[PDB]
file final22.txt (compact mmCIF, C-alpha atoms and all ligand atoms)
# COMPACT_ATOMS: atom_id res chain seq x y z
CA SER W 1 -36.61 9.08 -10.92
CA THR W 2 -35.62 8.59 -7.28
CA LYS W 3 -36.49 6.17 -4.49
CA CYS W 4 -35.42 4.93 -1.05
CA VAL W 5 -33.97 1.50 -0.29
CA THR W 6 -32.93 -0.31 2.87
CA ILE W 7 -29.16 -0.54 3.39
CA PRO W 8 -28.46 -4.27 2.93
CA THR W 9 -26.31 -6.28 5.30
CA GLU W 10 -24.04 -7.10 2.35
CA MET W 11 -23.06 -3.40 2.19
CA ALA W 12 -20.44 -3.63 4.93
CA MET W 13 -19.39 0.01 4.50
CA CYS W 14 -22.69 1.51 5.70
CA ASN W 15 -24.59 -1.31 7.43
CA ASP W 16 -23.81 0.14 10.89
CA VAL W 17 -23.64 3.93 10.55
CA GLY W 18 -26.76 4.91 12.51
CA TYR W 19 -29.49 4.72 9.85
CA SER W 20 -31.01 1.99 7.70
CA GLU W 21 -32.56 3.75 4.68
CA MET W 22 -30.68 5.45 1.85
CA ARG W 23 -31.76 7.35 -1.26
CA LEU W 24 -31.02 6.43 -4.87
CA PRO W 25 -29.46 7.83 -6.91
CA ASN W 26 -26.72 8.60 -4.37
CA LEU W 27 -24.19 11.44 -4.45
CA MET W 28 -21.78 9.25 -6.45
CA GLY W 29 -24.22 8.84 -9.36
CA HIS W 30 -25.04 5.19 -8.69
CA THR W 31 -28.63 4.44 -9.73
CA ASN W 32 -29.11 0.96 -8.22
CA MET W 33 -27.79 -1.25 -5.44
CA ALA W 34 -26.17 -3.69 -7.88
CA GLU W 35 -23.88 -0.71 -8.53
CA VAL W 36 -23.80 0.72 -5.00
CA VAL W 37 -22.77 -2.43 -3.12
CA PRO W 38 -19.66 -3.53 -5.10
CA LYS W 39 -18.37 0.03 -5.56
CA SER W 40 -18.70 0.57 -1.81
CA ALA W 41 -17.01 -2.79 -1.21
CA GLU W 42 -14.00 -1.47 -3.12
CA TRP W 43 -13.28 0.75 -0.08
CA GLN W 44 -13.28 -2.10 2.45
CA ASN W 45 -9.50 -2.62 2.47
CA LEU W 46 -8.83 1.08 3.07
CA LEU W 47 -11.54 1.38 5.73
CA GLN W 48 -10.17 -1.62 7.65
CA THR W 49 -6.91 0.30 8.19
CA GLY W 50 -8.49 3.03 10.33
CA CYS W 51 -6.63 5.73 8.40
CA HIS W 52 -9.14 8.37 9.56
CA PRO W 53 -12.00 8.03 12.07
CA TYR W 54 -14.38 9.89 9.72
CA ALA W 55 -13.51 7.99 6.53
CA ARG W 56 -16.38 5.50 6.82
CA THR W 57 -19.15 8.00 7.61
CA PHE W 58 -17.69 10.49 5.12
CA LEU W 59 -17.98 7.85 2.39
CA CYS W 60 -21.44 6.77 3.56
CA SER W 61 -22.73 10.33 3.25
CA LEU W 62 -21.98 9.89 -0.48
CA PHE W 63 -22.77 6.22 -1.19
CA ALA W 64 -25.82 6.01 1.12
CA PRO W 65 -27.29 9.49 1.67
CA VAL W 66 -30.15 9.75 4.14
CA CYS W 67 -33.49 8.94 2.51
CA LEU W 68 -35.85 11.56 3.94
CA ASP W 69 -33.47 14.54 3.95
CA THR W 70 -32.47 16.70 1.03
CA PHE W 71 -29.02 16.01 -0.40
CA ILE W 72 -26.34 17.53 1.85
CA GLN W 73 -22.74 17.05 0.79
CA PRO W 74 -19.92 16.52 3.30
CA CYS W 75 -17.76 19.55 3.94
CA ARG W 76 -14.58 20.18 1.97
CA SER W 77 -12.82 20.34 5.35
CA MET W 78 -13.75 16.73 6.12
CA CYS W 79 -12.87 15.70 2.56
CA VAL W 80 -9.42 17.25 2.94
CA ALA W 81 -8.86 15.63 6.34
CA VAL W 82 -9.94 12.14 5.23
CA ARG W 83 -7.99 12.52 1.98
CA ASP W 84 -4.80 13.68 3.71
CA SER W 85 -4.98 10.82 6.22
CA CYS W 86 -6.08 8.00 3.89
CA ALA W 87 -4.49 8.88 0.54
CA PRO W 88 -1.00 7.68 1.64
CA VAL W 89 -2.55 4.33 2.61
CA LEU W 90 -4.15 4.04 -0.83
CA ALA W 91 -0.75 4.90 -2.29
CA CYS W 92 0.68 2.00 -0.30
CA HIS W 93 -2.03 -0.17 -1.85
CA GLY W 94 -1.03 1.21 -5.27
CA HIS W 95 -4.10 3.44 -5.71
CA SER W 96 -4.77 7.17 -5.60
CA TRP W 97 -7.52 9.45 -4.33
CA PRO W 98 -10.23 9.28 -7.02
CA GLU W 99 -11.10 12.33 -9.10
CA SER W 100 -14.76 11.75 -8.24
CA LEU W 101 -13.70 12.54 -4.66
CA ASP W 102 -11.78 15.69 -5.59
CA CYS W 103 -12.38 17.86 -2.53
CA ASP W 104 -12.86 20.97 -4.69
CA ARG W 105 -16.25 19.47 -5.64
CA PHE W 106 -17.41 19.72 -2.00
CA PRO W 107 -18.93 22.82 -0.38
CA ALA W 108 -17.03 25.42 1.61
CA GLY W 109 -17.90 28.72 3.25
CA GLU W 110 -21.56 29.72 3.13
CA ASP W 111 -22.89 26.53 1.53
CA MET W 112 -24.41 24.12 4.03
CA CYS W 113 -22.52 20.86 4.47
CA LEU W 114 -22.09 17.98 6.90
CA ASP W 115 -19.08 18.69 9.12
CA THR W 116 -17.23 16.88 11.89
CA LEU W 117 -18.31 17.11 15.51
CA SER W 118 -15.02 18.75 16.54
CA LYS W 119 -12.66 21.09 14.68
CA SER W 120 5.04 4.46 5.73
CA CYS W 121 5.68 2.26 2.69
CA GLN W 122 7.76 4.96 0.94
CA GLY W 123 10.97 4.45 2.92
CA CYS W 124 14.16 3.92 0.90
CA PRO W 125 16.87 2.39 3.11
CA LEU W 126 20.55 2.92 2.45
CA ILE W 127 22.59 0.39 0.49
CA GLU W 128 24.77 -1.37 3.08
CA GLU W 129 28.08 -2.61 1.67
CA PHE W 130 30.58 -3.31 4.48
CA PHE W 131 28.56 -5.31 7.00
CA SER W 132 28.80 -8.37 9.23
CA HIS W 133 26.84 -11.57 8.71
CA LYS W 134 25.68 -11.13 12.30
CA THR W 135 24.08 -7.84 11.26
CA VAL W 136 22.55 -9.57 8.23
CA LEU W 137 21.14 -12.34 10.41
CA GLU W 138 19.74 -9.75 12.82
CA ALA W 139 17.98 -8.07 9.89
CA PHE W 140 16.62 -11.46 8.80
CA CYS W 141 15.21 -12.08 12.28
CA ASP W 142 13.79 -8.55 12.46
CA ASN W 143 12.01 -8.61 9.08
CA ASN W 144 9.20 -10.64 7.57
CA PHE W 145 10.96 -11.58 4.33
CA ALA W 146 14.51 -11.58 2.98
CA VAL W 147 15.37 -12.40 -0.63
CA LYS W 148 18.28 -12.21 -3.05
CA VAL W 149 17.25 -10.25 -6.15
CA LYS W 150 19.01 -8.93 -9.23
CA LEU W 151 17.63 -5.62 -10.52
CA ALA W 152 17.61 -4.43 -14.12
CA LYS W 153 16.80 -1.15 -15.86
CA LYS W 154 14.93 -1.17 -19.16
CA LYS W 155 13.82 1.50 -21.62
CA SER W 156 10.13 1.41 -22.52
CA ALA W 157 8.61 2.29 -25.89
CA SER W 158 7.68 5.77 -24.63
CA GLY W 159 11.28 6.38 -23.53
CA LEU W 160 10.59 6.08 -19.79
CA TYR W 161 12.58 3.74 -17.55
CA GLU W 162 11.10 0.57 -16.05
CA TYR W 163 12.83 -1.28 -13.20
CA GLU W 164 12.35 -5.03 -12.97
CA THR W 165 13.69 -8.13 -11.29
CA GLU W 166 15.90 -10.24 -13.55
CA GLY W 167 16.17 -14.01 -13.38
CA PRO W 168 15.09 -16.08 -10.39
CA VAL W 169 14.67 -14.71 -6.88
CA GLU W 170 16.49 -16.69 -4.19
CA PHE W 171 14.35 -16.75 -1.04
CA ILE W 172 16.16 -16.72 2.31
CA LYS W 173 13.32 -16.00 4.74
CA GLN W 174 9.85 -16.63 3.33
CA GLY W 175 7.82 -15.14 6.18
CA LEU W 176 4.12 -16.02 6.31
CA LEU W 177 3.44 -15.87 2.55
CA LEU W 178 4.21 -18.07 -0.41
CA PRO W 179 7.26 -17.07 -2.49
CA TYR W 180 5.01 -16.17 -5.44
CA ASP W 181 3.00 -13.66 -3.40
CA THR W 182 6.14 -12.29 -1.75
CA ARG W 183 7.76 -11.74 -5.15
CA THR W 184 4.58 -10.10 -6.43
CA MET W 185 4.77 -7.69 -3.48
CA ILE W 186 8.43 -7.02 -4.27
CA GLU W 187 7.51 -6.10 -7.85
CA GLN W 188 4.75 -3.84 -6.52
CA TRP W 189 7.28 -2.15 -4.22
CA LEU W 190 9.65 -1.68 -7.15
CA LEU W 191 6.92 0.07 -9.14
CA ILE W 192 5.73 2.24 -6.24
CA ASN W 193 9.27 3.23 -5.15
CA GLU W 194 10.69 4.19 -8.54
CA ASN W 195 13.15 6.65 -6.98
CA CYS W 196 14.49 3.91 -4.71
CA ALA W 197 14.81 1.46 -7.61
CA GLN W 198 16.67 4.11 -9.61
CA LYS W 199 18.99 4.57 -6.63
CA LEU W 200 19.55 0.80 -6.52
CA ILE W 201 20.49 0.67 -10.21
CA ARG W 202 23.39 3.09 -9.60
CA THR W 203 25.30 0.58 -7.41
CA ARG W 204 26.99 -2.17 -9.43
CA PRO W 205 26.55 -5.08 -9.36
CA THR W 206 22.75 -4.77 -9.15
CA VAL W 207 22.45 -7.88 -6.94
CA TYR W 208 21.03 -7.19 -3.48
CA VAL W 209 19.65 -8.96 -0.44
CA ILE W 210 16.51 -7.08 0.60
CA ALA W 211 14.60 -7.65 3.83
CA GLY W 212 11.25 -6.15 4.69
CA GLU W 213 7.72 -6.50 6.00
CA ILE W 214 4.44 -7.36 4.29
CA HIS W 215 1.24 -6.36 6.10
CA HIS W 216 -2.24 -6.51 4.52
CA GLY W 217 -1.03 -6.12 0.96
CA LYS W 218 1.49 -3.40 1.87
CA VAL W 219 5.22 -3.98 1.35
CA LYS W 220 7.98 -2.03 3.11
CA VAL W 221 11.69 -2.63 2.51
CA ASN W 222 13.72 -2.05 5.68
CA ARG W 223 17.22 -3.35 4.88
CA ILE W 224 19.21 -3.52 1.64
CA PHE W 225 22.54 -5.37 1.49
CA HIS W 226 24.72 -5.12 -1.60
CA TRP W 227 25.97 -8.49 -2.87
CA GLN W 228 29.56 -7.96 -4.00
CA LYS W 229 31.06 -10.20 -6.67
CA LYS W 230 33.53 -11.69 -4.15
CA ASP W 231 31.01 -11.63 -1.30
CA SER W 232 31.57 -13.63 1.87
CA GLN W 233 29.33 -12.15 4.58
CA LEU W 234 26.05 -12.53 2.69
CA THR W 235 27.03 -16.06 1.66
CA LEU W 236 27.79 -16.98 5.27
CA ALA W 237 24.59 -15.37 6.56
CA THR W 238 22.39 -17.11 3.97
CA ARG W 239 24.05 -20.48 4.59
CA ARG W 240 23.67 -19.96 8.35
CA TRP W 241 20.05 -18.76 8.30
CA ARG W 242 18.62 -22.30 8.19
CA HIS W 243 20.29 -23.25 11.50
CA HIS W 244 20.22 -19.74 12.98
CA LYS W 245 18.46 -19.25 16.31
CA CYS W 246 17.04 -15.74 16.47
CA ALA W 247 17.40 -13.65 19.61
CA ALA W 248 13.60 -13.55 19.88
CA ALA W 249 11.36 -16.60 19.54
CL CL U 301 -0.52 10.52 -1.11
CL CL U 302 0.29 3.40 5.15
CL CL U 303 3.53 -0.62 5.74
CL CL U 304 23.18 4.81 -0.14
CL CL U 305 15.44 -3.82 10.48
CL CL U 306 18.22 1.35 -20.56
CL CL U 307 7.95 -13.67 9.90
CL CL U 308 30.40 -4.96 -11.38
CL CL U 309 31.79 -5.78 -6.00
call {"tool": "encode", "arguments": {"input": "final22.txt", "output": "C-alpha cells"}}
result
Amino acid sequence: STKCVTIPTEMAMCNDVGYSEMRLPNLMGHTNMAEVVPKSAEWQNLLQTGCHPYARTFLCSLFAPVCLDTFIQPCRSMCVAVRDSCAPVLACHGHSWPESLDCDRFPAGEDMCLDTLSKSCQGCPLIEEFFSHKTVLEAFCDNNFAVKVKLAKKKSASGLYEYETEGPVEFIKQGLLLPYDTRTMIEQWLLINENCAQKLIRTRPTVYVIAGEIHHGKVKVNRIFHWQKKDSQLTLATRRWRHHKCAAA
C-alpha cells in the first residue's frame, strides 16, 4: 500500500534537502524508486540553472514527500512563482511546464499547504544589410559561433509551415563545440523561434550569416547579416576571420 524509503545518493534532486526519508507513493504517483530516481533526474538540467531558489525544494515536496507526515501539497503561490521563473528556461531547452504540475491542481485559500518563508533565448535580431566587414568581424569576436546558412520554407502535410536549413552550412567561427552539435543547436533555434524564421524567409535571398551563443544546451542568435548575391563585405570578413586578431584575447 504505502511505505517509507531512504532518499538514495543517486537521487541528486533531493539528496540534500534537509531530510533523508521519503514516502511512497509520492505526490507524483510514482510507486517505486526505479521510477522516482530517473524521473527526478529529468529535472537536473533545469535545477542547475538556478531559475528559482525554491524550484528544488518545491519539486522535492512532490517527488520525495516527508515520510512521517501526512501528505501536504506545496502552495499554488509557490507553484506559480517557480513556474513563472523556470518555464522560460524549459522553453529555451525546448520543453514546457508539465500538465502534471499544472498549478491549478495545488491548494489555495483555506486548504493547508507548504508555502515559502517570505512573501532570453527568444530574441530575434534585425536583419543587417548595409554593414562593414569590421562590424561583421566584431560580431564574430563577440559571439560563440558564426555560420553561413541558407534557409528554406516548406509546407507540411497538415498545411503548416516548417523552416529548415538547406544544403551545407559553412562554419566561420566554430566556438567550443563541434560543427555537428552547433548545427543541431541552430536547427533547435529555428524550431523554437518560428516567428524569427518566418521573418528571415521574407528577405531574399534567404542566405544569412548568423552569429550567436550556445550555453548549456541553449542557443541564442545575436547577429544576423544578409548575404547579398553580389556580396563583398561578408566575403571579406569570412576570408579575414582566419587571420583576424580580436580586440579581446
Ligand atoms: Cl514560458
Ligand atoms: Cl533562459
Ligand atoms: Cl541563453
Ligand atoms: Cl528587420
Ligand atoms: Cl553581438
Ligand atoms: Cl511553401
Ligand atoms: Cl568562443
Ligand atoms: Cl534574390
Ligand atoms: Cl541581393
call {"tool": "closest_residue", "arguments": {"input": "final22.txt", "among": "W:206, W:174, W:77, W:198", "to": "ligand CL 307 (chain U)", "atoms": "all atoms listed in the file"}}
result
W:174
call {"tool": "residues_near_ligand", "arguments": {"input": "final22.txt", "ligand": "ligand CL 306 (chain U)", "cutoff": "12 Å", "atoms": "all atoms listed in the file", "output": "PyMOL selection string"}}
result
chain W and resi 152-157+159-164+198+201
call {"tool": "closest_residue", "arguments": {"input": "final22.txt", "among": "W:203, W:228, W:73, W:9", "to": "residue 126 of chain W", "atoms": "all atoms listed in the file"}}
result
W:203
call {"tool": "residues_around", "arguments": {"input": "final22.txt", "residues": "residue 133 of chain W", "least_positions_apart": "6", "cutoff": "8 Å", "atoms": "all atoms listed in the file", "output": "ChimeraX atom specification"}}
result
/W:233-234,236-237
call {"tool": "closest_residue", "arguments": {"input": "final22.txt", "among": "W:84, W:170, W:231, W:104", "to": "ligand CL 301 (chain U)", "atoms": "only C-alpha atoms and all ligand atoms"}}
result
W:84
call {"tool": "residues_near_ligand", "arguments": {"input": "final22.txt", "ligand": "ligand CL 307 (chain U)", "cutoff": "8 Å", "atoms": "only C-alpha atoms and all ligand atoms", "output": "compact mmCIF listing (two decimals) with C-alpha atoms, keeping the file's coordinate frame"}}
result
# COMPACT_ATOMS: atom_id res chain seq x y z
CA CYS W 141 15.21 -12.08 12.28
CA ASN W 143 12.01 -8.61 9.08
CA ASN W 144 9.20 -10.64 7.57
CA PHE W 145 10.96 -11.58 4.33
CA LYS W 173 13.32 -16.00 4.74
CA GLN W 174 9.85 -16.63 3.33
CA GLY W 175 7.82 -15.14 6.18
CA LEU W 176 4.12 -16.02 6.31
call {"tool": "residues_near_ligand", "arguments": {"input": "final22.txt", "ligand": "ligand CL 305 (chain U)", "cutoff": "12 Å", "atoms": "only C-alpha atoms and all ligand atoms", "output": "ChimeraX atom specification"}}
result
/W:125-126,135-146,210-213,220-225
call {"tool": "closest_residue", "arguments": {"input": "final22.txt", "among": "W:168, W:123, W:18, W:179", "to": "ligand CL 303 (chain U)", "atoms": "only C-alpha atoms and all ligand atoms"}}
result
W:123
call {"tool": "residues_near_ligand", "arguments": {"input": "final22.txt", "ligand": "ligand CL 303 (chain U)", "cutoff": "7 Å", "atoms": "all atoms listed in the file", "output": "CSV table (one decimal) with C-alpha atoms, in the coordinates of the input"}}
result
chain,number,residue,atom,x,y,z
W,120,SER,CA,5.0,4.5,5.7
W,121,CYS,CA,5.7,2.3,2.7
W,214,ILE,CA,4.4,-7.4,4.3
W,215,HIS,CA,1.2,-6.4,6.1
W,218,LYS,CA,1.5,-3.4,1.9
W,219,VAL,CA,5.2,-4.0,1.4
W,220,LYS,CA,8.0,-2.0,3.1
call {"tool": "atom_distance", "arguments": {"input": "final22.txt", "atom1": "atom CA of residue 131 of chain W", "atom2": "atom CA of residue 226 of chain W"}}
result
9.4 Å
call {"tool": "closest_residue", "arguments": {"input": "final22.txt", "among": "W:5, W:78, W:177, W:51", "to": "residue 118 of chain W", "atoms": "only C-alpha atoms"}}
result
W:78
call {"tool": "atom_distance", "arguments": {"input": "final22.txt", "atom1": "atom CA of residue 243 of chain W", "atom2": "atom CA of residue 229 of chain W"}}
result
24.8 Å
call {"tool": "residues_around", "arguments": {"input": "final22.txt", "residues": "residue 166 of chain W", "least_positions_apart": "5", "cutoff": "8 Å", "atoms": "all atoms listed in the file", "output": "list in words"}}
result
residues 149, 150, 151 and 152 of chain W
call {"tool": "closest_residue", "arguments": {"input": "final22.txt", "among": "W:95, W:204, W:23, W:30", "to": "residue 129 of chain W", "atoms": "all atoms listed in the file"}}
result
W:204
call {"tool": "atom_distance", "arguments": {"input": "final22.txt", "atom1": "atom CA of residue 47 of chain W", "atom2": "atom CA of residue 89 of chain W"}}
result
10.0 Å
call {"tool": "axis_aligned_box", "arguments": {"input": "final22.txt", "around": "segment 5-18 of chain W", "padding_each_side": "5 Å", "output": "JSON"}}
result
{"center_x": -26.7, "center_y": -1.1, "center_z": 6.1, "size_x": 24.6, "size_y": 22.0, "size_z": 22.8}
call {"tool": "residues_around", "arguments": {"input": "final22.txt", "residues": "residue 68 of chain W", "least_positions_apart": "6", "cutoff": "12 Å", "atoms": "all atoms listed in the file", "output": "number ranges by chain"}}
result
W: 2-5, 19-24
call {"tool": "residues_around", "arguments": {"input": "final22.txt", "residues": "residue 14 of chain W", "least_positions_apart": "6", "cutoff": "8 Å", "atoms": "all atoms listed in the file", "output": "PDB file with C-alpha atoms, in the coordinates of the input"}}
result
ATOM      1  CA  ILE W   7     -29.160  -0.540   3.390  1.00  0.00           C
ATOM      2  CA  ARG W  56     -16.380   5.500   6.820  1.00  0.00           C
ATOM      3  CA  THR W  57     -19.150   8.000   7.610  1.00  0.00           C
ATOM      4  CA  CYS W  60     -21.440   6.770   3.560  1.00  0.00           C
ATOM      5  CA  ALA W  64     -25.820   6.010   1.120  1.00  0.00           C
TER       6      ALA W  64
END
call {"tool": "residues_around", "arguments": {"input": "final22.txt", "residues": "segment 96-103 of chain W", "least_positions_apart": "3", "cutoff": "7 Å", "atoms": "all atoms listed in the file", "output": "ChimeraX atom specification"}}
result
/W:76,79-80,87,90-91,106
call {"tool": "write_last_selection", "arguments": {"input": "final22.txt", "atoms": "C-alpha atoms", "output": "CSV table (one decimal), in the coordinates of the input"}}
result
chain,number,residue,atom,x,y,z
W,76,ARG,CA,-14.6,20.2,2.0
W,79,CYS,CA,-12.9,15.7,2.6
W,80,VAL,CA,-9.4,17.2,2.9
W,87,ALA,CA,-4.5,8.9,0.5
W,90,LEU,CA,-4.2,4.0,-0.8
W,91,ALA,CA,-0.8,4.9,-2.3
W,106,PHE,CA,-17.4,19.7,-2.0
call {"tool": "residues_near_point", "arguments": {"input": "final22.txt", "point": "(-13.5, 6.4, 0.2)", "cutoff": "7 Å", "atoms": "all atoms listed in the file", "output": "list in words"}}
result
residues 43, 55 and 59 of chain W
